[PDB]
Amino acid sequence: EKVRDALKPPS
Amino acid sequence: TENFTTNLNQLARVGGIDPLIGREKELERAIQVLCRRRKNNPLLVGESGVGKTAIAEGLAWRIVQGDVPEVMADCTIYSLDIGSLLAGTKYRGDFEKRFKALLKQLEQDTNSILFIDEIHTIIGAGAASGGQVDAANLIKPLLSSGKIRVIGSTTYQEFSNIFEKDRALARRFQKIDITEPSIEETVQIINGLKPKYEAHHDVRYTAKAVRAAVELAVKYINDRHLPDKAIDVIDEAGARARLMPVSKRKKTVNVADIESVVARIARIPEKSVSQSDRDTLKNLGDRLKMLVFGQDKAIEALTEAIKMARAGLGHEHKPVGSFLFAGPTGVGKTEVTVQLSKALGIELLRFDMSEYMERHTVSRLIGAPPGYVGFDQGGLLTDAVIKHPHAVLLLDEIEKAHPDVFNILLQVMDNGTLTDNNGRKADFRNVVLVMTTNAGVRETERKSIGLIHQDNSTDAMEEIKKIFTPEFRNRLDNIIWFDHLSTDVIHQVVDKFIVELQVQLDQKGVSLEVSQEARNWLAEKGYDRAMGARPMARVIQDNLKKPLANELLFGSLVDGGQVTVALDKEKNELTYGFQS
Amino acid sequence: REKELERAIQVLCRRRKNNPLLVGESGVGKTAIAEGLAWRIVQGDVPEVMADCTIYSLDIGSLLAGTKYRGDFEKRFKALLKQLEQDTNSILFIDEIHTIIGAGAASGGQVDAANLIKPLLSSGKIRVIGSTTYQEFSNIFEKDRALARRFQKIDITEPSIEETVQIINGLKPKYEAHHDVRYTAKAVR
Ligand SMILES: Nc1ncnc2c1ncn2[C@@H]1O[C@H](COP(=O)(O)OP(=O)(O)OP(O)(O)=S)[C@@H](O)[C@H]1O
Ligand SMILES: Nc1ncnc2c1ncn2[C@@H]1O[C@H](COP(=O)(O)OP(=O)(O)OP(O)(O)=S)[C@@H](O)[C@H]1O
Ligand SMILES: Nc1ncnc2c1ncn2[C@@H]1O[C@H](COP(=O)(O)OP(=O)(O)O)[C@@H](O)[C@H]1O
Ligand SMILES: [Mg+2]
Ligand SMILES: [Mg+2]
Ligand SMILES: [Mg+2]
């Protein structure tokens, strides 16, 4: 469906 | 952000948007709504092709020329693209950023106006995994506040079923109902747009051609509104001329070209019939007579009714014809109809009314059975007519059908249109409706128990009156009573059946030549008045086909033919001679 | 199929609503007529105006697949329009166009492929050669009167016996090479 994903940047 | 919103006022300068003609009252209300201190968001609600997108864009066009009030002057109009707004918004907060950024510039300008075409798409534009955060909930506080002005556009189907479900968003907007313009107004619109269409196709449209396109579209083109209907015929007519060979190319679009375009769009015969089709009508009656012997009155009714339709003398609100071919068996009630379609080269819509004996199955002609969730909905008779507007509609054995079927044909024979359950409308103005029944054959045949034989052949009509309601019979063009076949007619029928047999034999290579005297014998042996001409087929089958069957499979008749059929006067029997 | 094609060239040469729809029954050459228009261009059997034109066959199944996001479908679909908008001669052949009316990607929303191409089809930016059946044309298509307006139906009727034998003779080399057989002239009839 239409799902929002929150990315994580590398430290 | 400019990728999402296209400045319509810029397009007006270069001519991107076509000019808006008239709509003084529709546009005026929009200005009043926009001027409003509160809820200054007009909504253009109307059917497709009524200028909903030409008003919002036309307003921008009028601004550049200075044909608007001073207040509306110096105000730009932006067209939103939902597709670009929702492009690559995978991460949380991307959509909100793009939408809020747009609203911020609108509030700052204080003279900008947003145009959202097909506004029913903002209800769930940004919803994710059942989320209720959407453009509608975000824009809502900015419309109620009155900071920004938004112009919408949506069809009645979409507005009532999608946009008006959110009672809050709709409250903010102000529905401006747009009604399709009259025929007089439409021609003025075409004149305004004619320079653009003329330039694109390098053609000139005569004033008569414009009036004809509008008048002819309404008369024939159905299910489409007038502004689009006329512009469709005009644009298509220009293309037809531009791409035809340079030799014989005609820059001007005469009124005759318009008629040809409307005919193809509606799949009907064109007005001002050509010489080629004139020959067909001249010999249409004489061709059917060759195939069908006797009952010339029936052929005269069908051909004359067709001529009126092709000559412009039609009813204009009824089909080409409605004839109830009531007659005895084997008199050619169905053969004439099947040959008519071949003579005219038009689809034959054959409905056997023997199946529609009860009401549950009568609802298949205008709708689907209850609970049929299958997408293959629609009526069998409405869909068929839509596919082939020019055709022959044959309802064989109409008496057997439930009386409720006569109620369905009333509008067909009087108003010329039948509506499907979904609301689609079929046009019967070009279909030749023909019904075949044997209602009065037995009544006239019936013998009288009396010293003096009764004056029969009158009661047949009285029986027809009982079976068919008076309203149904009044709409009918003519009730043709097919007479019984005579001896002379039967002789011609034997020839007609021999020719068909010859064609079958020709495929196998056999050649058959029946003596003229032998043909008379076959006619006399099988001639029956009550049974029409069908017994002639049986004598042809018993006397000729049965002996040849054994010989074709095995014997001299495998190939080469050379048959010589004749009778013996002494024995009153046939003599078959085969010599390969 | 020159009578049907000629009508399609007329529609494709229009200022606005230049999107011919090849409505017909099943098996009557709806797809071949559109793909045939490309074959004719390569050989130069089409008018000058139609020359230097490319026909792109959209695959809604491949396009919709793999989105798994709010804007993946819109991003890829809008990009396609930019390609067709920049190239005036580009034509898009959306077979089984009835599908776009139904929500292609949207769920509980109305941001579909149909509602996205309507603005472009109205202004004549891009041409679209649709193909759909009569059953689908009535019950799936024509339910959105807006989209139906953009498309000009072109009824495709079943061919005659004589017309089809010519077709088989034309396609006979393709099947002959595949099966290494020679079809007799009498056999096809
Ligand atoms: N008053 C008018 N002046 C000029 N063109 C008009 C006018 N009214 C309608 N049109 C034509 O209408 C077409 C534009 O579409 P509209 O009639 O605005 O409907 P629409 O907004 O596309 O409808 P949908 O598809 O149902 S949202 C173009 O052919 C315009 O030229
Ligand atoms: N007047 C006629 N002229 C020539 N052939 C006829 C005539 N009447 C009947 N026939 C033959 O009758 C055959 C079969 O009967 P039909 O003509 O279809 O019957 P009908 O007139 O429809 O009456 P019903 O339906 O049997 S009560 C046709 O194929 C014709 O060959
Ligand atoms: N004029 C023609 N030339 C070549 N092939 C044709 C022609 N008309 C029909 N066909 C054949 O018809 C078929 C096309 O079927 P199609 O209409 O696409 O089916 P569907 O309606 O089920 O999608 C192919 O086998 C194609 O070769
Ligand atoms: Mg519109
Ligand atoms: Mg009959
Ligand atoms: Mg196909």
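Residues numbered from 1 in each chain as written, not as in the entry; some residues may be left out. Chains lettered and ligands numbered in written order. Part of a larger assembly, values for the part shown. Heavy atoms only, no water.

Regarding how it was determined, this PDB entry cites cryo-EM in its header, along with a resolution of 3.26 Å.

> Account for the nonpolar core, with residues named and values stated.
Residues and elements named next belong to chain B. Counting residues in hydrophobic clusters, the biggest one holds 36 residues, and the most contacted among them are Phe 351, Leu 395, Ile 398, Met 435 and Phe 472. Mapped onto this core, the elements with two or more residues apiece are β9 (321-326), β10 (347-352), α18 (380-387), β11 (391-396), α19 (404-414) and β14 (431-437). If we skip the residues at most four places from it in the chain, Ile 398 touches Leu 324, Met 353, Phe 406, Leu 409, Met 435, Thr 436, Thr 437 and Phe 468. Listed in part, the 33 residues of the second largest apolar core include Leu 80, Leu 85, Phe 159 and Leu 169. (Core = buried A, V, L, I, M, F, W, Y, C linked by side-chain atoms within 4.5 Å. Buried < 20%, exposed > 50% of the residue type's maximum accessible area, 1.4 Å probe, protein only. Helix = DSSP H or I, 4+ residues; strand = E, 2+ residues; numbered from the N terminus. Contact = heavy atoms within 4.5 Å.)

> Go over the pattern of salt bridges with me, naming the residues and quoting the values.
The tally for this structure, following the rule as stated, stands at 38 salt bridges over all chains. Between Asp 232 of chain B and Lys 17 of chain C there is a salt bridge whose closest N-O contact spans 3.8 Å. Of this pair, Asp 232 of chain B sits in helix α11 (residues 226-243) while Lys 17 of chain C sits in the loop between α1 (2-12) and β1 (19-24), each in a different chain. Of the two residues, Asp 232 of chain B and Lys 17 of chain C, both sit in the buried class. A salt bridge links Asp 404 of chain B to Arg 359 of chain B; the shortest N-O distance between them is 2.8 Å. You can see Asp 404 of chain B sitting in helix α19 and its partner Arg 359 of chain B sitting in helix α17 (residues 359-362), a full 45 residues away along the chain. We classify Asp 404 of chain B as partly exposed; its relative accessible area is 24%. Judged by relative accessible area, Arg 359 of chain B falls into the exposed class, the value being 55%. (Salt bridge = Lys/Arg side-chain N within 4 Å of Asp/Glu carboxyl O.)

> Please set out the site of ligand 2 residue by residue, giving values where relevant.
All names here are of chain B. Close to ligand 2 lie 15 residues, the nearest being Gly 330, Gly 332, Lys 333, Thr 334 and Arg 534. In this structure, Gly 332 approaches ligand 2 through a main-chain N or O atom, which is 2.7 Å from a nitrogen atom. Side-chain polar atom of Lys 496 to an oxygen atom of ligand 2: 3.2 Å apart, as the coordinates give it. Look at ligand 2: alone it shows 630 Å² of surface, and the protein chains cover 86% of it. (Near = heavy atom within 4 Å. Polar contact = N/O pair within 3.5 Å; in protein donor to acceptor, adjacent residues only side chain to side chain. Areas by Shrake-Rupley, 256 points an atom, 1.4 Å probe, with all protein chains shown as cover.)

> Describe the pairing of strand β2 (residues 42-46) of chain B, and please don't skip the residues or the numbers.
All names here are of chain B. The buried fraction of β2 is high, at five of five residues. Going residue by residue along β2, you find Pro 42, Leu 44 and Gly 46 tucked away on one face and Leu 43 and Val 45 tucked away on the opposite face as well. Where β2 meets strand β5 (residues 149-154), three bridges bridge the pair, whose relative direction is parallel. In the strand pairing of β5, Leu 43 is matched with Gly 152. (Pairing = 2+ DSSP bridges.)

> Break down the packing of helix α14 (residues 284-291) of chain B against helix α15 (residues 296-310) of chain B for me, citing the residues and quoting the values.
All names here are of chain B. For the pair α14 and α15, the least separation of the axes is 10 Å and the interaxial angle reads 150°. It follows that α14 is roughly antiparallel to α15 by the angle criterion. Where α14 crosses over α15, the handedness of that crossing is right-handed. Contact with α14, carried on its side by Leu 284, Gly 285, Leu 288 and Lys 289, involves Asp 296, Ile 299, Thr 303 and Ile 306 of α15 and no other residues of that element. (Axes fitted to C-alpha atoms, helices over the stretch in contact; angles between N-to-C directions. Parallel < 35°, antiparallel > 145°, perpendicular 65-115°, else oblique. Left-handed = near helix turned anticlockwise from the far one by under 90°.)

> Break down the sheet that holds strand β4 (residues 127-128) of chain C for me, with residues and values.
Strand-to-strand pairing in sheets goes through backbone hydrogen bonds, with the strands running parallel or antiparallel. Residue and element names in this part refer to chain C. Overall, parallel pairing links the three strands, which are arranged β2-β3-β4 in an open sheet. Each edge of the open sheet is held by one strand with a lone partner, namely β2 (55-58) and β4. Its contacts with the sheet put helix α4 (residues 72-86) on β2 and β3 (91-94), and the angle it makes with β2 is roughly 170°.

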